[PDB]
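Chain and residue survey
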Amino acid sequence: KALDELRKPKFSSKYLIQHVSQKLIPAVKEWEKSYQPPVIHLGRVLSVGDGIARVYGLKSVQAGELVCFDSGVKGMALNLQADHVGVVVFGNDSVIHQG
Amino acid sequence: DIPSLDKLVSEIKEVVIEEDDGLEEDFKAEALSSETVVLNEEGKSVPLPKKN
């Protein structure tokens, strides 16, 4: 009776698994050896395609800020969202991967 | 009242044309290096690491 309200869930944050995986891999006793995803001034690409890269993290990025990928191609933080950063790429997006 | 053409040339004022335009005046010219300077996790300005 009391579990009828939980039989299908409701949540925002389409990248739900990325926030859980930043909270469960430190619960492993072996991966507390600074096995930390950098999220303050760094970020990981979630999606990339047709000149738009969605980037997890980058919690200290400014709106309109020129960011740089590890490939060397630079981008611009255009959409600062609640759980990711939308980046328009200033080059060819074929050298950007997920992660 | 109209003098001439040749003495009309002698009553113009020549303006000094300056070679070496000198746009380095009041310019500070910060040193932009080759490698792309980025921010690491502690916030310091570091170059890009050698991985892609």
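Residues numbered from 1 in each chain as written, not as in the entry; some residues may be left out. Chains lettered and ligands numbered in written order. Part of a larger assembly, values for the part shown. Heavy atoms only, no water.

As deposited, the entry is annotated with cryo-EM as its determination method and 2.9 Å as its resolution.

Observations concerning the overall build of chain A
Inclusion rule: What counts as a helix is a DSSP run of H or I of at least four residues, what counts as a strand is a run of E of at least two, and both are numbered from the N terminus. What the globule rule says is 2.2 Å times the number of residues to the power 0.38, and the radius of gyration is computed from C-alpha atoms. Summary of the burial criterion: residues with accessible area below 20% of their type's maximum are buried, those above 50% are exposed, and those between are partly exposed, where the area comes from a 1.4 Å probe applied to protein chains only. Whether two residues are in contact is decided by their heavy atoms, any of which lying within 4.5 Å being enough. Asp and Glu are treated as the negative residues and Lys and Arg as the positive ones, with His and the ends of the chain left uncounted. Charged side chains are reduced to one point each, which is NZ for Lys, CZ for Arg, CG for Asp and CD for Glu.
Helix and strand content of chain A: one helix and five strands. Expected size for 99 residues packed as a compact globule is a radius of gyration near 13 Å; at 16 Å, chain A overshoots this value by more than 25%. A total of 99 residues make up chain A; the buried ones form 24% of that total. Intrachain contacts of chain A at a sequence separation of at least 6 include 36% that bridge at least 24 residues. In chain A, which carries 12 positive and 9 negative side-chain charges, the distance between the mean positions of the two groups comes to 6 Å.

Some details on the layout of surface pockets
A probe as big as a water molecule, rolled over the atoms, marks out the empty space that is left. Convention followed: In this analysis the probe radius is 1.4 Å and the grid spacing 1 Å, with only protein atoms considered; a cavity is a set of points the probe fits into but cannot get out of, a pocket is an open set with protein on both sides within 12 Å along at least five of seven lines, and lining residues have an atom within 4 Å of a point. Grid points are joined across faces, edges and corners, and a volume is the space filled by probe spheres set on the points. The classification used treats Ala, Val, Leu, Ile, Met, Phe, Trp, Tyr, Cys and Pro as nonpolar, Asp, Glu, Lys and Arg as charged, and all other residues, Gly among them, as polar.
If you add up the space inside the largest pocket, you get close to 950 Å³. As for the largest pocket, its lining consists of 34 residues, and the residues nearest its centre are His-41, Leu-42, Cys-68 and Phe-69 of chain A together with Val-38 of chain B. Residues that form the lining of the largest pocket fall into these classes: 20 nonpolar, nine polar and five charged.

A closer look at the pattern of salt bridges
All names here are of chain B. To keep it simple, the criterion reads: The working definition used for a salt bridge is a side-chain nitrogen of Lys or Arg within 4 Å of a carboxyl oxygen of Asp or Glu.
Throughout the structure, instances matching the rule amount to one salt bridge over all chains. A salt bridge links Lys-7 to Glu-11, with the shortest nitrogen-to-oxygen separation between them at 3.4 Å. A residue is classified by how much of its surface remains accessible, and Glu-11, at 41% relative accessible area, is partly exposed.

Focus on the sheet that holds strand β5 (residues 85-89) of chain A
Residues and elements named next belong to chain A. The condition that has to hold: We treat two strands as partners when DSSP finds at least two bridges between them. In this description, a line fitted to the C-alpha atoms serves as the axis of each element, helices being fitted only across the stretch in contact, and the angle between N-to-C directions of two axes falls anywhere from 0 to 180 degrees.
Pairing is antiparallel across the open sheet formed by five strands, whose spatial order is β1-β2-β5-β4-β3. What marks the edges here is a single partner per strand, and that holds for β1 (43-49) and β3 (66-68). When the angles between neighbouring strand axes are averaged without regard to direction, this sheet yields 40°. Where strand β2 (residues 52-57) lies against β5, four bridges are found, and the strand directions are antiparallel. Bridging across to β5, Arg-54 finds its partner in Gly-86.

Some points on the nonpolar core
All names here are of chain A. Stated precisely, the cut-off is as follows: Residue types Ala, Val, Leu, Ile, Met, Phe, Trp, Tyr and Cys, when buried and joined through side-chain atoms within 4.5 Å, form a set referred to as a nonpolar core.
Ranked by internal contacts, the top residues of the largest apolar core, which has 13 residues, are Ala-53, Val-55, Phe-69, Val-85 and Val-87. The set of elements that each furnish at least two residues to this core consists of β2 and β5. With three residues, β5 is the largest single contributor of residues to this core. Here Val-85 is in contact with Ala-53, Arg-54, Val-55, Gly-57, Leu-58, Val-61, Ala-77, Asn-79 and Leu-80, once residues within four sequence places are set aside.

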